[PDB]
Amino acid sequence: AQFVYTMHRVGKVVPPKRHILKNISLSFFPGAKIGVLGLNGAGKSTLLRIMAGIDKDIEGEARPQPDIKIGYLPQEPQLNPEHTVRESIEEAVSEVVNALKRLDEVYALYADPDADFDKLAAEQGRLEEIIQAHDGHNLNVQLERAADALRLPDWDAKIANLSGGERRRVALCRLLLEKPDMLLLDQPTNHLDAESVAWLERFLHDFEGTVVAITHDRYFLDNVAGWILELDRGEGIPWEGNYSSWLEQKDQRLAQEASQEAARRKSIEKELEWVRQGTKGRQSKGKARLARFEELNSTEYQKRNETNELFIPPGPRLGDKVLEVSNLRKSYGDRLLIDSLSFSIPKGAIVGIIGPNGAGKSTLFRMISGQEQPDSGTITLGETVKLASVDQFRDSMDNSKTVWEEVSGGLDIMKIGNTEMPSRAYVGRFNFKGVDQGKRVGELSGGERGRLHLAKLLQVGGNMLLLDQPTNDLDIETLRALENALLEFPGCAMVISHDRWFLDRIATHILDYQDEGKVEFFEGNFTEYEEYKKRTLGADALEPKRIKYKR
RNA sequence: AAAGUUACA
RNA sequence: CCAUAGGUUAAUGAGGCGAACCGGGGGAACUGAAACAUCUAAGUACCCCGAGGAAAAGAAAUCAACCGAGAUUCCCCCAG
RNA sequence: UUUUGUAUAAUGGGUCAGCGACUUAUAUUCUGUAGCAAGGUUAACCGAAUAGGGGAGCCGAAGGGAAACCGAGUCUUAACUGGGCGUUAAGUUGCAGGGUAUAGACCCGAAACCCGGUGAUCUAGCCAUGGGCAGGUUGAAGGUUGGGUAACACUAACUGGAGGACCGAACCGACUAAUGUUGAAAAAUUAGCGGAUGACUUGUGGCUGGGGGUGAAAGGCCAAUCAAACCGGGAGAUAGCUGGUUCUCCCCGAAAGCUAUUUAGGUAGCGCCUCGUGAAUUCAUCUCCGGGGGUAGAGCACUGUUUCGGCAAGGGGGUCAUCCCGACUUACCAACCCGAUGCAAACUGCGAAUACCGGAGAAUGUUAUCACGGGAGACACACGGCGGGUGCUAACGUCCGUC
RNA sequence: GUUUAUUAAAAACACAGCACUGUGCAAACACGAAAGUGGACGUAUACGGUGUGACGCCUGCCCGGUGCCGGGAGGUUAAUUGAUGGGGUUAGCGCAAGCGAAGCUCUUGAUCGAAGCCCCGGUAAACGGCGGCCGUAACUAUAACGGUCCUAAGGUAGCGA
RNA sequence: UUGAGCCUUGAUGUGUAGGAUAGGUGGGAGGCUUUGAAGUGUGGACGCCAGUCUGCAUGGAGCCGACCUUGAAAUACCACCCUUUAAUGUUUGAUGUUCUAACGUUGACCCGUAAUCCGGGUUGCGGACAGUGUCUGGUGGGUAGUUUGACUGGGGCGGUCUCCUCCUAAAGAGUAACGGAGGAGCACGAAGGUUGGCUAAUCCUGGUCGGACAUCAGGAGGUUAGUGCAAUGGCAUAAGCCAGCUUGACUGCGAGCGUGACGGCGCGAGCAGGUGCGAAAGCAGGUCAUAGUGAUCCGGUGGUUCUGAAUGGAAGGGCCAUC
RNA sequence: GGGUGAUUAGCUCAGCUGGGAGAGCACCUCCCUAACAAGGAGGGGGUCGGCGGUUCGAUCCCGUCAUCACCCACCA
Ligand SMILES: Nc1ncnc2c1ncn2[C@@H]1O[C@H](COP(=O)(O)OP(=O)(O)OP(=O)(O)O)[C@@H](O)[C@H]1O
Ligand SMILES: Nc1ncnc2c1ncn2[C@@H]1O[C@H](COP(=O)(O)OP(=O)(O)OP(=O)(O)O)[C@@H](O)[C@H]1O
Ligand SMILES: [Mg+2]
Ligand SMILES: [Mg+2]
Ligand SMILES: [Mg+2]
Ligand SMILES: [Mg+2]
Ligand SMILES: [Mg+2]
Ligand SMILES: [Mg+2]
Ligand SMILES: [Mg+2]
Ligand SMILES: [Mg+2]
Ligand SMILES: [Mg+2]
Ligand SMILES: [Mg+2]
Ligand SMILES: [Mg+2]
Ligand SMILES: [Mg+2]
Ligand SMILES: [Mg+2]
Ligand SMILES: [Mg+2]
Ligand SMILES: [Mg+2]
Ligand SMILES: [Mg+2]
Ligand SMILES: [Mg+2]
Ligand SMILES: [Mg+2]
Ligand SMILES: [Mg+2]
Ligand SMILES: [Mg+2]
Ligand SMILES: [Mg+2]
Ligand SMILES: [Mg+2]
Ligand SMILES: [Mg+2]
Ligand code: NA
Ligand code: NA
């Protein structure tokens, strides 16, 4: 069984001397499915950037087999805002389109005999060969089939005027149109809804080539992965099994490491007590034991686990009238997202906003924050309400600035409502508890980017929160910390998310989008929402179709 | 399940 | 009945000793390195086996450089 | 002899006579001398063999560059106005001598390491075999006969003769003292002392052998030797350590410092010594001239420390609305400004004498100066004067500078 | 009883007794390149090693450390095997460049890979270990008692200048 | 019993539009089935739930193309086929059980032989285990060879060991002590280069929250400030502070010096080539200076046909830059 | 004589090359109770040993002294 990829002694060093990856020796075999786990900063995206060939700085040797295609989807897929849907899409088939245009230019040869045959007719064969390498002529059908299978927006739509989920779908389609042999995915379900994620995971299970996927979720991982690469601090640990068994193994590993560190502390204290005694005569003391103690005094890497410190500052006191919408309606062109929506938000409530992609979830936040003007108006907030909004996109932070400068603005004392707070203490409240204040925004990882985003955008101190997909790149630990912080909140919050479990653990009012632009509002949590649906239900259970890619 | 004590004419 | 091992009798040799030299089987350490462990001393001292008047080697599956020389051994250079 | 320094009460020598320590291979550099000279010279070897042949070679006349390569030039560099190394000075082979290298390498001297053998006639254990233990005590089990008991159990007397049992000779030891310590004796004698039928003692003969044995275990014993026997060899181990180093005269004449050191008592480069060669009013002294100081002394503008006055903010405890504006007390702690007065290695708005650096001028001085080359020794210093650190303004203390 | 022949005869060694442990016999163990011997012409009521040391009353708590015993799941892991990638050479395609078949080579090293170690239990007549500070009762004299920190556990019986 | 691979035989391929599950080109015409059907009843499998594939039963001659309005055409073969899958083979690999014939036997019997040695022969029992050889991981004071620094008011213990600043240090340099005080093992693509511009600390007076001290205004003062970090020396022409443009934090050299015992270290005008700033004169080969460090060996990386053990390459060397 | 460590609320102790400074029980009030204990609710405390120092911060960093706790004083 010839492998597909190999890494031997692969090591990476980041600023100062930090071995994110140390001695990672691995082989990737045909038909494999690997899920890469770890905390927010472990080095998963680093390892995939190495596997994509983008990073060659590493120590060791990492290489794929020759003439195998690696399709790399990062966790920051960039697209051309000028481009429309088709203008961004065809770049994945640009060879065929460019060659076809060249054929159109060449066809004037047989009209005008200028440099007739010995100069370009021979190259016409090379052009027809590059068409033949693909289907080429039946290309519009390929594009239509891909768009149908991935539920892409119509090609006339622009890219800036696109929802985050559909943006990720465009990136997925442009990646998979290349038709590679090894997929590298960096959180491929970042902004996807339930149907999109289910289709993607079925496709991944069907994929013939190798798949290496980074995921902070567990159910999609149980679906797709064949084995897990833990990727702890420094070292990568393979594992055969499911997420819960791997979790058990991980707790056992961390408990053993904690016990060994405690024993090390014990032995070091004992030997220090020995070192701090006198010679007692003209006898040994001994340099061998001194050397043993000096080498025993070493350094161990503590886990940079976020855990429960996510600091949501308390806003101003909130009256009973918080938010009210009456007959809200919004449409774009001919497709309408919200139609005759009315609801009131009692104080203290967490509102789980759910629905498919581009259904209007983010545009609702735009109206509430006042950046968009509804057709049917009647959005209102109580006079005590102070709004703090967290966007679906992090594209507002200066990647040059450091963490502390970007969060705090450079002022040593930070004002949060009534109380002045030390900026360094406030930043450290968001797990940047060391010299992590010095890291650059661009050099931060995706999960650290989300944490810094929350830190910068919760400082306004509003007692109404408008969080749009707040747990995008976060792992389970930061997710739990955020859930606890949201629970210990005096004000009220509206959270848009696609994590059903995270939304269920905190939501008190469900705002769910449906077809034909109806936004059903339900006061209650997800358990009683499901119970209400069961009480007044409809008889069927089959959502998907799982269309195809090939042919 | 827990439930101790509290000087006399 | 086999046959072999074994036994018996003959003839034929060799045993042991000896100074060095010679071929082989094993093979130190002190010392030097200003310590020492790679390294050196040194394949030396020593032990053992086997010859001979010498012994070993010896007649290219050797060198050399498109010219060539022609088995082995020893001496002087090459060259510290 | 060793030392800073010895009559030293530090070492060595009783004395005589004899012996006793810088040698010999090669190789290399320098000096003298001899021969030839841009040449000199052969080695092995042949040889009627100190000749004569033999020129294989070696050194020299050309260097530069890592090299290719170029060449009285070359290298560097894109190139050098450049710069480094060379060109404008004879070598070579003997002989004698001074060094160095390898050999024991000036002589003597370890404790040790390795190799091969000799030892269990001493002593450790064990094995086979066969001897020794005067004399006297105590009385175990068991047994018998009676009492007993249903039978036992038990009990008495008699018996019996156990025991790493008791006392004590031979025998085996070795606790105490004295003597003896160039002894009667390289461990004993004398007077006492312990065991003395046992894990005893003893004869003869065996067996275990050196990182091995044996050990009722002390590192004990293994031929008067044992934390690794003895004999022979490697072997003249090695010894930065000690000792010793032998005839005479003449000339010059040190150092005990710096730097480095697995280095401090060793060594290396430099300083200082000597010999040779070559060179300049080269060097030294004094006079004059041109310089830089930040020392002694002094001073208090600076950094600090100080006293005393005069102005005096502020600061600490009471008299009050023991919140405000503070409204009033210091026989005041107190730097800030001024007037006086001190102190300072790490203070300076000042500042010598000397010393040092350079120039000129004589006189004087066996060139005293510098460079190169051969040979060293020395790198433990001592005290005294002057300037100081340290110490106690101690030390024949210790550490620097200078004489 | 033994011991430092030759300054130590003792409280030292031994000892009967005790315990732990190994050992199923071609025993463990020891001497020995080996053969083979002892153990033993014995056979777990036997033999070896270790500690303690008649007898009497006893021998408390700690398995965290070191060792030993058991476990096998997972991790790390040797020699082996030599996939894969890279390079050297060159028949040719080019005779300007450069590429490069087959072979042969240099290197790199996928896959396979046991015991140990990590890990999980046990074991102290295995080697070993067996706490602080503060307050508190008719005098502060002391604390039966209490608070708290730490530990693997905090020294029990009995002895004690 | 399995694991893996390979060859066959099957089975399988729901987009939209389309008659309805359409893999790809085919390449061709009609074949299929009658060697018994286009079906009904029945059983399993797949099932993107439409459905097409299937073992059967009497009945056994009709299903699609061809026709085209779809990007494409009609399981209407064998294909070498792609995708998944399942079966018999095939190799191999693992584990297990049985066997005997290697091997063991310190079981019995027989012979050599008048011998509990040894050998041979029968037989029993184990048995490809055990055991040994080579290679290899672990353990291994059982044994062996060694190491285990120096200074030091004796040694040990404590402290120190390299570099920078001041004093000791005696007005040139240098100058010791286990003398007296402190620091370094870096920082900076600006905090470097230039060209312009600018001048502090502290105090007094007036001024909204606002005072002992924030920002403002004017007066004294005159560097008591500042310098990336110790101390010393220096700095107004600022070496201090601000801004524009920038990369001289250049490459090859280098008269001449200073300082070292040397290794080495430092300063440097000027020359050549290119550059930045400035209108120019000019300045710039790092930073106000003095700390911020490590010889050689060995090896790594890039460049250079300098070398290349017959020749052409190459390996390995050298040179340059660097780790 | 030399060396080391500790100092944090009333007590015993945790405390990030910074971030009012924390835990048990003590203390305060209120419930519960005839009344106390125990139990339950609320609450407050601080020289971070002290003058010192590179610092965006000194509790943890920064020489020192103050005290109590140790350790060593060997050949001699
Ligand atoms: N140049 C850099 N210098 C210093 N730290 C860096 C640099 N680049 C990245 N890092 C750090 O390396 C860490 C690893 O980041 P990385 O993106 O690999 O993590 P991740 O686990 O893959 O993230 P995520 O799951 O959130 O996408 C982060 O903490 C990041 O800040
Ligand atoms: N300016 C616009 N013109 C046209 N269409 C627009 C415009 N802005 C947004 N849309 C579209 O309208 C829909 C609204 O989507 P929106 O960004 O509000 O979030 P969502 O789709 O509800 O959520 P999510 O961000 O999670 O996908 C999307 O389909 C989006 O592409
Ligand atoms: Mg040796
Ligand atoms: Mg030596
Ligand atoms: Mg030695
Ligand atoms: Mg022959
Ligand atoms: Mg006398
Ligand atoms: Mg004398
Ligand atoms: Mg001569
Ligand atoms: Mg003998
Ligand atoms: Mg007597
Ligand atoms: Mg005898
Ligand atoms: Mg011997
Ligand atoms: Mg001898
Ligand atoms: Mg020798
Ligand atoms: Mg004289
Ligand atoms: Mg010396
Ligand atoms: Mg002196
Ligand atoms: Mg244990
Ligand atoms: Mg085990
Ligand atoms: Mg040893
Ligand atoms: Mg200027
Ligand atoms: Mg220039
Ligand atoms: Mg210009
Ligand atoms: Mg080369
Ligand atoms: Na990532
Ligand atoms: Na959106």
# chains A, B, ... in the order shown; residues from 1 in each chain; ligands from 1

$ residues_around --residues "residue 87 (chain D)" --least-positions-apart "6" --cutoff "9 Å" --atoms "only C-alpha atoms (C1' of nucleotides)" --output "ChimeraX atom specification"
/D:62-63,72-73

$ residues_near_ligand --ligand "ligand 12" --cutoff "8 Å" --atoms "only C-alpha atoms (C1' of nucleotides) and all ligand atoms" --output "list in words"
residues 204, 205 and 206 of chain D

$ write_last_selection --atoms "N, CA and C atoms (P, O5', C5', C4', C3', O3' and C1' of nucleotides)" --output "PDB file, in the first residue's frame"
ATOM      1  P     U D 204      52.325 -35.033  61.095  1.00  0.00           P
ATOM      2  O5'   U D 204      52.237 -36.116  59.939  1.00  0.00           O
ATOM      3  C5'   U D 204      52.715 -37.436  60.136  1.00  0.00           C
ATOM      4  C4'   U D 204      51.998 -38.414  59.246  1.00  0.00           C
ATOM      5  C3'   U D 204      51.659 -37.923  57.855  1.00  0.00           C
ATOM      6  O3'   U D 204      52.765 -37.916  56.974  1.00  0.00           O
ATOM      7  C1'   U D 204      49.793 -39.027  58.763  1.00  0.00           C
ATOM      8  P     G D 205      52.924 -36.747  55.891  1.00  0.00           P
ATOM      9  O5'   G D 205      51.791 -37.058  54.830  1.00  0.00           O
ATOM     10  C5'   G D 205      51.782 -38.297  54.150  1.00  0.00           C
ATOM     11  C4'   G D 205      50.496 -38.530  53.405  1.00  0.00           C
ATOM     12  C3'   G D 205      49.982 -37.394  52.560  1.00  0.00           C
ATOM     13  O3'   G D 205      50.718 -37.198  51.370  1.00  0.00           O
ATOM     14  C1'   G D 205      48.191 -38.360  53.721  1.00  0.00           C
ATOM     15  P     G D 206      50.346 -35.975  50.406  1.00  0.00           P
ATOM     16  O5'   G D 206      49.085 -36.524  49.619  1.00  0.00           O
ATOM     17  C5'   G D 206      48.357 -35.690  48.750  1.00  0.00           C
ATOM     18  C4'   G D 206      46.884 -35.952  48.860  1.00  0.00           C
ATOM     19  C3'   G D 206      46.004 -34.825  48.373  1.00  0.00           C
ATOM     20  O3'   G D 206      45.864 -34.823  46.972  1.00  0.00           O
ATOM     21  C1'   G D 206      45.229 -35.581  50.459  1.00  0.00           C
TER      22        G D 206
END

$ select_by_dssp --residues "region 197-341 of chain A" --states "strand (DSSP E)" --output "PyMOL selection string"
chain A and resi 210-214+227-229+238-239+323-332+335-341

$ select_by_dssp --residues "region 128-315 of chain A" --states "alpha helix (DSSP H)" --output "PyMOL selection string"
chain A and resi 128-132+140-150+164-176+194-206+219-224+243-275+287-296

$ residues_near_ligand --ligand "ligand 4" --cutoff "12 Å" --atoms "only C-alpha atoms (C1' of nucleotides) and all ligand atoms" --output "list in words"
residues 31, 32, 33, 34, 35 and 36 of chain C; 238, 239, 240, 262 and 266 of chain D

$ interface_residues --of "chain A" --to "chain F" --cutoff "8 Å" --atoms "only C-alpha atoms (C1' of nucleotides)" --output "list in words"
residues 138, 141, 145, 149, 279, 282, 545, 546, 547, 548 and 551 of chain A

$ residues_around --residues "region 47-56 of chain C" --least-positions-apart "6" --cutoff "9 Å" --atoms "only C-alpha atoms (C1' of nucleotides)" --output "list in words"
residues 21, 22, 23, 24, 25, 26 and 27 of chain C; 115 and 116 of chain D

$ residues_around --residues "region 234-241 of chain F" --least-positions-apart "3" --cutoff "9 Å" --atoms "only C-alpha atoms (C1' of nucleotides)" --output "ChimeraX atom specification"
/F:198-200,226-227,288-289

$ write_last_selection --atoms "C-alpha atoms (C1' of nucleotides)" --output "PDB file, in the first residue's frame"
ATOM      1  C1'   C F 198      13.536  72.784  17.512  1.00  0.00           C
ATOM      2  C1'   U F 199      15.687  73.321  23.001  1.00  0.00           C
ATOM      3  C1'   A F 200      15.170  71.207  28.669  1.00  0.00           C
ATOM      4  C1'   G F 226      17.775  64.114  28.141  1.00  0.00           C
ATOM      5  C1'   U F 227      20.742  59.946  26.048  1.00  0.00           C
ATOM      6  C1'   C F 288      27.342  59.712  21.720  1.00  0.00           C
ATOM      7  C1'   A F 289      31.691  56.230  23.033  1.00  0.00           C
TER       8        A F 289
END

$ residues_near_ligand --ligand "ligand 3" --cutoff "9 Å" --atoms "only C-alpha atoms (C1' of nucleotides) and all ligand atoms" --output "PDB file with N, CA, C and O atoms (P, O5', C5', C4', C3', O3' and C1' of nucleotides), in the first residue's frame"
ATOM      1  P     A C  29      45.643  -3.777  27.487  1.00  0.00           P
ATOM      2  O5'   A C  29      46.310  -2.937  28.653  1.00  0.00           O
ATOM      3  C5'   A C  29      46.157  -3.336  30.002  1.00  0.00           C
ATOM      4  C4'   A C  29      47.470  -3.314  30.736  1.00  0.00           C
ATOM      5  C3'   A C  29      48.216  -1.998  30.739  1.00  0.00           C
ATOM      6  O3'   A C  29      47.705  -1.066  31.672  1.00  0.00           O
ATOM      7  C1'   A C  29      49.712  -3.731  30.232  1.00  0.00           C
ATOM      8  P     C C  30      47.816   0.501  31.378  1.00  0.00           P
ATOM      9  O5'   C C  30      49.208   0.910  32.006  1.00  0.00           O
ATOM     10  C5'   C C  30      49.577   0.479  33.304  1.00  0.00           C
ATOM     11  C4'   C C  30      51.071   0.463  33.456  1.00  0.00           C
ATOM     12  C3'   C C  30      51.780   1.751  33.099  1.00  0.00           C
ATOM     13  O3'   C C  30      51.712   2.729  34.118  1.00  0.00           O
ATOM     14  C1'   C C  30      52.904  -0.047  32.093  1.00  0.00           C
ATOM     15  P     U C  31      51.410   4.263  33.757  1.00  0.00           P
ATOM     16  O5'   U C  31      52.248   4.531  32.438  1.00  0.00           O
ATOM     17  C5'   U C  31      53.638   4.792  32.503  1.00  0.00           C
ATOM     18  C4'   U C  31      54.237   4.936  31.130  1.00  0.00           C
ATOM     19  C3'   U C  31      53.816   6.158  30.341  1.00  0.00           C
ATOM     20  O3'   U C  31      54.509   7.324  30.732  1.00  0.00           O
ATOM     21  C1'   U C  31      53.723   4.261  28.954  1.00  0.00           C
ATOM     22  P     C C  36      46.352   9.386  32.373  1.00  0.00           P
ATOM     23  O5'   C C  36      44.925   9.150  31.737  1.00  0.00           O
ATOM     24  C5'   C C  36      43.943   8.394  32.419  1.00  0.00           C
ATOM     25  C4'   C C  36      42.703   8.234  31.584  1.00  0.00           C
ATOM     26  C3'   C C  36      42.910   7.718  30.170  1.00  0.00           C
ATOM     27  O3'   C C  36      43.265   6.347  30.003  1.00  0.00           O
ATOM     28  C1'   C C  36      41.615   9.626  30.041  1.00  0.00           C
ATOM     29  P     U C  40      46.243   2.615  17.701  1.00  0.00           P
ATOM     30  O5'   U C  40      47.593   3.149  18.330  1.00  0.00           O
ATOM     31  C5'   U C  40      48.274   4.256  17.763  1.00  0.00           C
ATOM     32  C4'   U C  40      49.289   4.795  18.726  1.00  0.00           C
ATOM     33  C3'   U C  40      50.285   3.772  19.226  1.00  0.00           C
ATOM     34  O3'   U C  40      51.370   3.635  18.333  1.00  0.00           O
ATOM     35  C1'   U C  40      49.416   5.016  21.044  1.00  0.00           C
ATOM     36  P     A C  41      52.347   2.386  18.466  1.00  0.00           P
ATOM     37  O5'   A C  41      53.285   2.778  19.685  1.00  0.00           O
ATOM     38  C5'   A C  41      54.314   1.914  20.121  1.00  0.00           C
ATOM     39  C4'   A C  41      54.289   1.747  21.613  1.00  0.00           C
ATOM     40  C3'   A C  41      54.321   0.315  22.098  1.00  0.00           C
ATOM     41  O3'   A C  41      55.633  -0.204  22.124  1.00  0.00           O
ATOM     42  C1'   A C  41      52.634   1.499  23.243  1.00  0.00           C
TER      43        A C  41
ATOM     44  P     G F 145      41.048  -2.476  36.635  1.00  0.00           P
ATOM     45  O5'   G F 145      41.121  -1.304  35.565  1.00  0.00           O
ATOM     46  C5'   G F 145      41.609  -1.531  34.252  1.00  0.00           C
ATOM     47  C4'   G F 145      41.241  -0.394  33.337  1.00  0.00           C
ATOM     48  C3'   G F 145      41.519   0.991  33.885  1.00  0.00           C
ATOM     49  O3'   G F 145      42.861   1.380  33.666  1.00  0.00           O
ATOM     50  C1'   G F 145      39.328   0.906  32.990  1.00  0.00           C
TER      51        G F 145
END

$ residues_around --residues "residue 110 (chain E)" --least-positions-apart "2" --cutoff "9 Å" --atoms "only C-alpha atoms (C1' of nucleotides)" --output "list in words"
residues 1, 2, 3, 6 and 27 of chain A; 82, 83 and 84 of chain E

$ write_last_selection --atoms "N, CA and C atoms (P, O5', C5', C4', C3', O3' and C1' of nucleotides)" --output "PDB file, in the first residue's frame"
ATOM      1  N   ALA A   1       0.824  -1.202   0.000  1.00  0.00           N
ATOM      2  CA  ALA A   1       0.000   0.000   0.000  1.00  0.00           C
ATOM      3  C   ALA A   1       0.860   1.254   0.000  1.00  0.00           C
ATOM      4  N   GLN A   2       1.056   1.838  -1.177  1.00  0.00           N
ATOM      5  CA  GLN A   2       1.832   3.064  -1.277  1.00  0.00           C
ATOM      6  C   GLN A   2       1.077   4.210  -0.625  1.00  0.00           C
ATOM      7  N   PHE A   3       1.768   4.977   0.211  1.00  0.00           N
ATOM      8  CA  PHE A   3       1.107   6.087   0.867  1.00  0.00           C
ATOM      9  C   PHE A   3       0.763   7.170  -0.152  1.00  0.00           C
ATOM     10  N   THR A   6       3.518  11.887   3.073  1.00  0.00           N
ATOM     11  CA  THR A   6       4.389  11.445   4.147  1.00  0.00           C
ATOM     12  C   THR A   6       5.015  12.653   4.822  1.00  0.00           C
ATOM     13  N   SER A  27       2.193   8.930   7.876  1.00  0.00           N
ATOM     14  CA  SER A  27       1.970   8.544   6.494  1.00  0.00           C
ATOM     15  C   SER A  27       0.478   8.560   6.222  1.00  0.00           C
TER      16      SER A  27
ATOM     17  P     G E  82      14.568  -6.753   0.758  1.00  0.00           P
ATOM     18  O5'   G E  82      13.938  -5.399   0.218  1.00  0.00           O
ATOM     19  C5'   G E  82      12.529  -5.226   0.161  1.00  0.00           C
ATOM     20  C4'   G E  82      12.152  -3.779   0.311  1.00  0.00           C
ATOM     21  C3'   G E  82      12.852  -2.845  -0.680  1.00  0.00           C
ATOM     22  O3'   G E  82      11.960  -1.882  -1.231  1.00  0.00           O
ATOM     23  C1'   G E  82      13.214  -2.101   1.532  1.00  0.00           C
ATOM     24  P     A E  83      12.260  -1.330  -2.709  1.00  0.00           P
ATOM     25  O5'   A E  83      10.881  -0.718  -3.198  1.00  0.00           O
ATOM     26  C5'   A E  83       9.718  -1.515  -3.304  1.00  0.00           C
ATOM     27  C4'   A E  83       8.541  -0.793  -2.713  1.00  0.00           C
ATOM     28  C3'   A E  83       8.376   0.652  -3.151  1.00  0.00           C
ATOM     29  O3'   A E  83       7.705   0.784  -4.389  1.00  0.00           O
ATOM     30  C1'   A E  83       8.221   0.521  -0.808  1.00  0.00           C
ATOM     31  P     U E  84       8.222   1.842  -5.476  1.00  0.00           P
ATOM     32  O5'   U E  84       8.217   3.228  -4.699  1.00  0.00           O
ATOM     33  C5'   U E  84       6.998   3.869  -4.365  1.00  0.00           C
ATOM     34  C4'   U E  84       7.238   5.141  -3.594  1.00  0.00           C
ATOM     35  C3'   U E  84       8.166   6.147  -4.247  1.00  0.00           C
ATOM     36  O3'   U E  84       7.541   6.913  -5.258  1.00  0.00           O
ATOM     37  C1'   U E  84       8.782   5.878  -1.993  1.00  0.00           C
TER      38        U E  84
END

$ closest_residue --among "A:492, A:65, A:359, A:89" --to "ligand 27" --atoms "only C-alpha atoms and all ligand atoms"
A:359

$ residues_around --residues "residue 17 (chain G)" --least-positions-apart "5" --cutoff "12 Å" --atoms "only C-alpha atoms (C1' of nucleotides)" --output "ChimeraX atom specification"
/A:434-435 /G:55,57-58,60-61

$ write_last_selection --atoms "C-alpha atoms (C1' of nucleotides)" --output "PDB file, in the first residue's frame"
ATOM      1  CA  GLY A 434       0.783  36.135  29.279  1.00  0.00           C
ATOM      2  CA  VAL A 435       3.003  37.544  26.547  1.00  0.00           C
TER       3      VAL A 435
ATOM      4  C1'   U G  55       9.916  48.700  36.066  1.00  0.00           C
ATOM      5  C1'   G G  57       3.096  47.217  37.734  1.00  0.00           C
ATOM      6  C1'   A G  58       6.320  45.793  41.838  1.00  0.00           C
ATOM      7  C1'   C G  60       5.410  37.378  43.875  1.00  0.00           C
ATOM      8  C1'   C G  61      11.336  41.010  40.487  1.00  0.00           C
TER       9        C G  61
END

$ residues_around --residues "residue 7 (chain G)" --least-positions-apart "6" --cutoff "12 Å" --atoms "only C-alpha atoms (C1' of nucleotides)" --output "list in words"
residues 47, 48, 49, 50, 59, 66, 67, 68 and 69 of chain G

$ closest_residue --among "C:17, C:1, C:28, C:11" --to "ligand 15" --atoms "only C-alpha atoms (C1' of nucleotides) and all ligand atoms"
C:28

$ residues_near_ligand --ligand "ligand 2" --cutoff "7 Å" --atoms "only C-alpha atoms (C1' of nucleotides) and all ligand atoms" --output "PyMOL selection string"
chain A and resi 161-166+191+332-333+337+356-364+392

$ closest_atom_pairs --of "chain F" --to "ligand 23" --cutoff "12 Å" --atoms "only C-alpha atoms (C1' of nucleotides) and all ligand atoms" --output "Markdown table"
| residue | atom | partner | partner_atom_place_in_ligand_line | distance |
| --- | --- | --- | --- | --- |
| F:248 | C1' | ligand 23 | 1 (Mg) | 9.1 |
| F:250 | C1' | ligand 23 | 1 (Mg) | 9.4 |
| F:251 | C1' | ligand 23 | 1 (Mg) | 10.6 |
| F:252 | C1' | ligand 23 | 1 (Mg) | 11.7 |
| F:270 | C1' | ligand 23 | 1 (Mg) | 10.7 |
| F:271 | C1' | ligand 23 | 1 (Mg) | 9.1 |
| F:272 | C1' | ligand 23 | 1 (Mg) | 8.2 |
| F:273 | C1' | ligand 23 | 1 (Mg) | 7.9 |
| F:274 | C1' | ligand 23 | 1 (Mg) | 8.1 |
| F:275 | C1' | ligand 23 | 1 (Mg) | 8.6 |
| F:276 | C1' | ligand 23 | 1 (Mg) | 11.8 |
| F:283 | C1' | ligand 23 | 1 (Mg) | 11.8 |
| F:284 | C1' | ligand 23 | 1 (Mg) | 10.0 |
| F:285 | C1' | ligand 23 | 1 (Mg) | 9.5 |
